[PDB]
Amino acid sequence: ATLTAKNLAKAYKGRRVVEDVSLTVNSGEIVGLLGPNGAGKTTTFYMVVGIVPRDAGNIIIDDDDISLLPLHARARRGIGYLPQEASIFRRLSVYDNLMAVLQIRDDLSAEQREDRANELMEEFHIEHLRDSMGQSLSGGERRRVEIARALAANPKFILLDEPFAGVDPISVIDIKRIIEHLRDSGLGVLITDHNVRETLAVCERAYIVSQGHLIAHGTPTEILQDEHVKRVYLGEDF
Amino acid sequence: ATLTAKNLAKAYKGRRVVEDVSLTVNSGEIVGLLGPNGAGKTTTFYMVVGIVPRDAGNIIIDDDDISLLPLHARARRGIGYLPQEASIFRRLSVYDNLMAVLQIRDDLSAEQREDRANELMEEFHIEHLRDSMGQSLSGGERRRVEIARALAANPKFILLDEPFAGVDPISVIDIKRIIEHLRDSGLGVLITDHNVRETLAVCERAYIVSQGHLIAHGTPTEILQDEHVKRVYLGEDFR
Amino acid sequence: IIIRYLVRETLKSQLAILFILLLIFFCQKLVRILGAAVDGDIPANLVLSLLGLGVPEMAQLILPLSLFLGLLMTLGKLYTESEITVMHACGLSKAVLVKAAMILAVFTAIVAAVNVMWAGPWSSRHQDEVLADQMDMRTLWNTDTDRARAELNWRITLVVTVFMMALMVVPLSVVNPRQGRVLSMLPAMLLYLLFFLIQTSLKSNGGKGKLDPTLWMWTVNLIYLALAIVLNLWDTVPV
Amino acid sequence: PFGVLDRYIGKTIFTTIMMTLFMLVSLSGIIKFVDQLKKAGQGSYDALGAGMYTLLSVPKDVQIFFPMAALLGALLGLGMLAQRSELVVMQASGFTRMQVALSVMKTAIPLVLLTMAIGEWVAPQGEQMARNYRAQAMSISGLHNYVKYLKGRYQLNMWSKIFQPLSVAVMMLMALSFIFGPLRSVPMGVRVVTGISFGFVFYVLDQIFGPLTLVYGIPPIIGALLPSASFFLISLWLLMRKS
Ligand SMILES: CCCCCCCCCCCCCC(=O)O[C@H](CCCCCCCCCCC)CC(=O)O[C@@H]1[C@@H](NC(=O)C[C@@H](CCCCCCCCCCC)OC(=O)CCCCCCCCCCC)[C@H](OC[C@H]2O[C@H](OP(=O)(O)O)[C@H](NC(=O)C[C@H](O)CCCCCCCCCCC)[C@@H](OC(=O)C[C@H](O)CCCCCCCCCCC)[C@@H]2O)O[C@H](CO[C@]2(C(=O)O)C[C@@H](O[C@]3(C(=O)O)C[C@@H](O)[C@@H](O)[C@@H]([C@H](O)CO)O3)[C@@H](O[C@H]3O[C@H]([C@@H](O)CO)[C@@H](OP(=O)(O)O)[C@H](O[C@H]4O[C@H]([C@@H](O)CO[C@H]5O[C@H]([C@@H](O)CO)[C@@H](O)[C@H](O)[C@@H]5O)[C@@H](OP(=O)(O)O)[C@H](O)[C@@H]4O)[C@@H]3O)[C@@H]([C@H](O)CO)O2)[C@H]1OP(=O)(O)O
Ligand SMILES: CCCCCCCCCCC1=C(C)C(=O)C(OC)=C(OC)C1=O
Ligand SMILES: CCCCCCCCCCC1=C(C)C(=O)C(OC)=C(OC)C1=O
């Protein structure tokens with residue numbers, strides 16, 4: 001599908017944080033939304049998800065206006081969110097919290113819940129953890145479950161929030177692998193973070209927003225060639 | 001002088017996070033202390049400073065054992081700590097922060113502090129702001145006043161805690177130009193941050209630990225060509 | 001499942017406040033009983049056992065309060081771990097937060113009603129049986145239909161407040177990270193205090209007779225119940 | 001001697017003590033106010049206890065709320081300096097831990113000189129007319145010689161008022177040992193809950209185990225000193241434990 005976000009704006013106590021950004025994502029495509037910490041990148045991402053209500057703007061998921069909806073109604077029509085910090089259900093087993101989301105999708109029968117939950121433990125290599133509770137997993141084991149249950153809501157365009165967040169460079173070779181896995185199932189990923197040496201390697205096109213308006217967009221080999229981004233961000237990168 | 005550490009050990013409950021780590025920093029020399037998270041690289045750093053009490057170690061500056069000493073008495077031997085947070089005194093003006101720690105030193109006479117303070121505000125190019133409080137300075141004065149205040153207590157081995165720690169890659173040139181300037185005044189410095197791309201681009205030596213102990217202690221060109229560190233740490237491509 | 005997770009999690013924090021708020025009320029019931037025993041009746045007797053006959057009278061406040069305070073501590077704990085923000089980012093509504101605060105409130109209501117019907121009377125009949133018309137405290141729940149200051153309403157307004165305080169917590173236990181975690185209770189804790197200051201100063205001020213549940217005791221129970229619905233249904237057009 | 005850190009670490013503790021005490025006496029004013037108009041109607045609308053219980057009973061309430069708002073502001077104000085990381089960097093510049101202790105105690109000298117100032121002149125003079133302005137419509141000097149007009153329960157009441165300023169200086173000592181004790185960068189929510197727990201335990205230990213000592217058998221002068229000395233020993237044991 002063709003999630004389109006046109007003319008996003010916001011006012012925090014008179015201050016203007018974002019004005020007229022236009023970012024789209026198609027299915028099977030990783031787009032990045034990055035920039036300097038001037039409000040910019042952060043508040044624009046929290047409107048496509050929906051925790052921050054917009055001032056004036058129009059979000060459509062490929063046919064229909066969803067811009068006046070909360071986050072929880074947007075999760076029915078597609079969009080699936082991943083928080084930055086640890087958000088696994090702490091006192092529940094891995095199979096239980098993978099099922100506690102799977103109990104809500106009402107286009108399944110009760111014997112289709114158990115096949116689909118078993119199809120997700122085999123896919124993400126969590127069949128050896130089907131009785132272990134939360135708060136007893138590692139940063140590469142808990143992160144697998146956090147995607148394996150946010151994929152159980154049948155989403156389109158999972159959009160992750162800082163999924164590097166401080167981790168050693170041996171454990172980004174598999175965070176990039178489960179992200180390139182989601183492109184090969186037809187889900188357009190929207191990544192946004194601080195770690196700019198990695199998302200320019202995984203993305204197909206980025207959206208650098210800075211000081212309000214969107215300043216450039218396109219393929220990451222056109223980003224480093226551009227001179228206008230180079231004054232605010234990525235000084236002498238490579 | 002030199003600051004050397006000898007055979008650190010620390011065990012909270014059963015598991016030994018630190019097992020026989022040793023390092024040596026001289027004057028005018030950046031040296032990193034790197035590694036994966038939870039491998040002791042934040043526990044063998046705080047044992048050098050003195051926040052966590054050591055168990056079986058021996059921390060030594062040039063001719064005095066300081067391993068039994070707490071942090072407040074270690075800061076007078078020439079050790080400066082800079083935490084990875086704001087750490088500016090908020091409701092106290094930017095002149096007063098460089099005055100509140102100049103009054104700690106007793107070998108400075110009462111008139112001899114003001115010309116030293118005006119020297120420090122001029123050296124780091126922060127003379128133009130003198131009455132701004134500190135609740136509202138910048139992201140770029142929350143890092144330059146901390147150095148110009150922790151330099152005021154006359155350190156010898158200033159120990160940074162995560163200097164980069166989530167800033168813009170245009171601000172990694174301005175918080176690196178004043179780290180190499182910090183050693184130009186004859187002052188060894190021990191970076192221990194997480195983001196391993198620029199600590200290897202600023203230092204001359206490293207001390208990568210893994211789960212209890214050292215793995216390699218060479219220059220960065222003896223680490224990227226190493227084979228043992230490329231399995232519990234960086235990976236298979238770092239060119 | 002997600003309802004059975006919410007009920008099982010608040011209940012371990014509701015059956016823990018019930019033995020923490022008990023010591024606060026036991027000691028406070030023991031402060032006032034020593035004033036009538038160092039100067040009142042001779043304490044060679046009842047002081048332990050008279051305190052044990054005050055527990056179904058002090059249970060009229062700590063049973064609605066332990067559910068009110070229990071839903072604040074748990075929903076405050078689950079927002080800051082980002083478990084409720086991820087609860088309805090994968091598809092469910094705020095109704096599952098409300099349909100878990102009432103299936104628990106049905107449990108505490110049938111303990112509050114069993115406390116206020118034929119358990120408070122049972123002890124107050126026996127409280128004066130150890131010190132050996134217009135009673136309104138020994139009087140059982142059926143024969144409260146007689147005359148002027150029948151306070152059947154304060155025996156019925158604290159079974160309603162078990163249900164209604166369960167509806168004011170699920171929109172008010174949202175925590176803003178700007179205000180912090182302990183400051184996002186003072187909107188809710190002060191609102192609970194404003195309820196029992198009016199409910200008590202309309203019972204005793206209205207028992208001798210100035211204003212009774214005709215136009216004053218059940219309108220404050222209903223401006224405060226309709227507040228619990230407009231604060232809970234904020235996700236629509238303004239009216 | 002009164003540097004810049006000495007006039008900054010001892011100023012935030014002075015406001016947060018003085019503006020907690022206002023927030024505790026106003027909350028104990030309102031829920032005393034609505035208690036005192038469920039009695040009105042006898043020739044006194046704002047006169048029984050409603051209106052003129054604001055200068056006539058409030059100096060009584062800055063004496064029974066003063067110790068547990070001295071454990072508190074020295075925990076909620078000093079814990080603020082440890083949350084935004086200004087207490088580890090004072091030690092990382094030379095300002096030692098026994099100089100933090102020396103500078104919070106210099107704040108206490110305006111506190112304990114104020115409490116026995118309005119614990120002798122203002123609190124009983126206010127509280128005496130707080131009953132006369134009610135009964136019409138229905139100290140140390142003044143309480144020393146009354147011990148011989150008996151010929152017990154009152155000698156405990158006098159002797160628990162002379163070193164009541166000592167109860168203030170011990171609370172800032174206990175609130176200081178908690179900051180150098182279980183600190184762990186523990187969040188501000190717990191420092192609110194360990195400020196009410198030992199605050200409420202003080203109110204119980206002052207009014208239960210004060211008279212309960214006297215009823216069994218004791219001199220009354222040590223039963224008054226029990227709620228402060230048992231909180232001086234807890235602070236002393238907590239200080240000499242992590243070394
Ligand atoms: C987890 C977190 C949350 C925790 C929350 C915990 C909550 C715990 C709550 C515990 C308590 C619950 C109580 C309750 O259950 O909930 C109630 C409802 C509200 C509940 C709310 C609960 C939820 C809150 C939720 C918050 C959010 C979560 C309240 C209550 O209880 O309300 C009332 C109560 N309230 C309070 O105290 C406030 C309460 C409120 C509750 C607590 C709130 C806490 C909130 C905390 C969180 C805040 C968050 C923001 O807090 C306190 O307690 C504080 C306790 C400590 C608290 C610590 C809190 C923090 C803890 C933290 C822990 C970790 C009130 O007290 C009043 C004051 O007393 C002392 O003053 P003084 O010392 O004196 O100055 C105090 N001194 C103190 O406290 C000392 C303290 O050290 C001071 C404070 C210390 C603070 C320590 C702090 C520690 C801090 C630690 C660090 C923080 C004052 O302190 C105050 O202000 C306190 C001050 O503000 C401070 C408050 C607290 C502040 C806290 C700040 C916290 C800060 C941090 C947090 C922010 C206090 O205000 O008394 C009322 C009852 O009194 C009466 C009545 O009015 O009816 C009259 C009584 O007699 C007297 C009198 O004593 O004065 C003398 C009489 O002579 C007469 O003069 C009379 C009137 O004048 C007459 O006009 O008055 C007596 O009479 C009867 O017995 C007498 C005798 O036998 C025994 O005495 C007889 O005498 P006699 O016969 O002569 O012998 C009488 O005879 C007369 O009458 C007869 C009849 O007429 C009678 O009538 C019948 O017959 C008629 C027919 O005959 C004809 O028709 C009928 O018509 C009638 O209908 C009827 O049937 C005649 O008969 P006839 O012959 O004519 O026939 C007869 O002849 C004659 O005339 C009669 O028989 C009586 C009896 O009970 C029942 O019979 O009834 C209670 O009403 P009640 O409810 O109705 O009971
Ligand atoms: C809300 C203001 C008072 C807070 C008091 C402390 C609440 C946390 C401690 C009580 C508690 C205990 C003892 C406890 O043992 C427990 O065990 C599983 C809890 O689980 C959720 C608890 O909440
Ligand atoms: C003894 C009279 C005063 C009792 C005050 C309440 C004590 C129980 C509640 C507080 C508490 C909380 C909230 C709590 O979280 C906790 O956690 C480990 C405690 O541990 C011992 C506590 O005591």
# chains A, B, ... in the order shown; residues from 1 in each chain; ligands from 1
$ closest_atom_pairs --of "chain D" --to "ligand 3" --cutoff "9 Å" --atoms "only C-alpha atoms and all ligand atoms" --output "JSON lines"
{"residue": "D:190", "atom": "CA", "partner": "ligand 3", "partner_atom_place_in_ligand_line": "15 (O)", "distance": 7.4}
{"residue": "D:193", "atom": "CA", "partner": "ligand 3", "partner_atom_place_in_ligand_line": "13 (C)", "distance": 6.2}
{"residue": "D:194", "atom": "CA", "partner": "ligand 3", "partner_atom_place_in_ligand_line": "10 (C)", "distance": 7.3}
{"residue": "D:196", "atom": "CA", "partner": "ligand 3", "partner_atom_place_in_ligand_line": "5 (C)", "distance": 7.4}
{"residue": "D:197", "atom": "CA", "partner": "ligand 3", "partner_atom_place_in_ligand_line": "5 (C)", "distance": 4.5}
{"residue": "D:198", "atom": "CA", "partner": "ligand 3", "partner_atom_place_in_ligand_line": "3 (C)", "distance": 7.1}
{"residue": "D:199", "atom": "CA", "partner": "ligand 3", "partner_atom_place_in_ligand_line": "3 (C)", "distance": 8.4}
{"residue": "D:200", "atom": "CA", "partner": "ligand 3", "partner_atom_place_in_ligand_line": "3 (C)", "distance": 5.9}
{"residue": "D:201", "atom": "CA", "partner": "ligand 3", "partner_atom_place_in_ligand_line": "3 (C)", "distance": 5.2}
{"residue": "D:202", "atom": "CA", "partner": "ligand 3", "partner_atom_place_in_ligand_line": "3 (C)", "distance": 9.0}
{"residue": "D:204", "atom": "CA", "partner": "ligand 3", "partner_atom_place_in_ligand_line": "2 (C)", "distance": 7.6}
$ closest_atom_pairs --of "chain B" --to "chain A" --cutoff "6 Å" --atoms "only C-alpha atoms" --output "CSV"
residue,atom,partner,partner_atom,distance
B:36,CA,A:168,CA,5.7
B:169,CA,A:234,CA,5.4
B:170,CA,A:235,CA,5.1
B:233,CA,A:170,CA,5.8
B:234,CA,A:169,CA,4.8
B:235,CA,A:170,CA,4.8
$ interface_residues --of "chain B" --to "chain D" --cutoff "7 Å" --atoms "only C-alpha atoms" --output "VMD selection string"
chain B and resid 71 to 73 75 to 76 80 to 81 87 89 100 to 101 104 150 153
$ atom_distance --atom1 "atom CA of residue 11 of chain A" --atom2 "atom CA of residue 193 of chain A"
22.6 Å
$ select_by_dssp --residues "chain A" --states "strand (DSSP E or B)" --output "number ranges by chain"
A: 2-12, 15-19, 22-26, 31-34, 56-61, 65, 80-82, 93, 133, 158-160, 190-191, 205-209, 214-218
$ interface_residues --of "chain A" --to "chain C" --cutoff "7 Å" --atoms "only C-alpha atoms" --output "mmCIF file with C-alpha atoms, in the first residue's frame"
data_model
loop_
_atom_site.group_PDB
_atom_site.id
_atom_site.type_symbol
_atom_site.label_atom_id
_atom_site.label_comp_id
_atom_site.auth_asym_id
_atom_site.auth_seq_id
_atom_site.Cartn_x
_atom_site.Cartn_y
_atom_site.Cartn_z
ATOM 1 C CA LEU A 71 -3.119 5.180 17.695
ATOM 2 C CA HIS A 72 -5.251 2.216 18.706
ATOM 3 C CA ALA A 75 -3.494 -0.365 14.436
ATOM 4 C CA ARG A 76 -6.673 -2.001 13.121
ATOM 5 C CA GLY A 80 2.118 -1.220 13.719
ATOM 6 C CA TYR A 81 4.395 0.459 16.235
ATOM 7 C CA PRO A 83 8.608 1.377 21.159
ATOM 8 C CA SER A 87 8.103 -3.253 26.046
ATOM 9 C CA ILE A 88 7.648 -7.006 26.438
ATOM 10 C CA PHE A 89 4.904 -7.955 28.891
ATOM 11 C CA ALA A 100 -2.623 -12.080 24.044
ATOM 12 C CA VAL A 101 -2.388 -9.941 20.911
ATOM 13 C CA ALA A 150 3.793 -6.845 16.757
ATOM 14 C CA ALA A 153 -1.480 -8.088 14.722
#
$ interface_residues --of "chain D" --to "chain C" --cutoff "8 Å" --atoms "only C-alpha atoms" --output "list in words"
residues 31, 34, 35, 38, 39, 188, 189, 192, 204, 207, 208 and 215 of chain D
$ residues_around --residues "residue 105 of chain C" --least-positions-apart "4" --cutoff "12 Å" --atoms "only C-alpha atoms" --output "NGL selection string"
:C and (7 or 10-11 or 14 or 63-68 or 70-71 or 98-101 or 109-113 or 159-167)
